[PDB]
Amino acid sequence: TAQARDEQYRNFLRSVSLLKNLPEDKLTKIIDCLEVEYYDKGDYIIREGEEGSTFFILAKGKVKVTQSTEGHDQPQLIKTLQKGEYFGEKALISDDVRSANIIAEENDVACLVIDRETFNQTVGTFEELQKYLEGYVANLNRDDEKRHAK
């Protein structure tokens, strides 16, 4: 049922920190425009250095965050993320290429894929959320500098 589907997505999206206080009409816009992409173990959802403008919410499974850093020939493992966490906002906020890899850690990982326009018309319309994400990205920049990210 369309209604049952939309209710399931509404309940999930309201469990995401960043989205919990969105007006109904903006949550409905996300519900209407999100897409789902599925990944197998080891797949790169995001690859450092590539262009990208999608915002992702992890809906099922776990992902690894890895990043190239000075003194290491392979990207180093920074953290892992789980259901309800999000990623890919930094390319939009920093106006940059992707700055880390996001790798599926297991099979049947599912992410919600939110394009730039949808992001801009929902999350990006609320100054409190923009300022929050600006501060979060600033902390990511601090972390990048402290580990000597390439």
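Residues carry their position along the shown sequence, with the first being 1.
J.: Using only the Cα atoms and their B-factors as the entry lists them, report which of 134 to 142 and 5 to 13 averages higher.
T.: Result of the comparison: 5 to 13.
J.: Per the PDB record, is the mean Cα temperature factor higher over 90 to 98 or over 66 to 74?
T.: The entry gives the higher C-alpha B-factor average to 66 to 74.
J.: Classify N107 as lowest, middle or highest third according to the C-alpha B-factor given in the PDB entry, relative to its own chain.
T.: For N107, the deposited C-alpha B-factor lands in the highest third.
J.: Quick check on the deposited entry: does the C-alpha B-factor of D40 sit in the lowest, middle or highest third of its chain?
T.: Top third by C-alpha B-factor.
J.: For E51, does the deposited CA B-factor place it in the lowest, middle or highest third of the chain?
T.: Answer is highest: the recorded C-alpha B-factor places it there.
J.: What third of the chain, by the recorded C-alpha B-factor, contains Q121?
T.: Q121: CA B-factor falls in the middle third of its chain.
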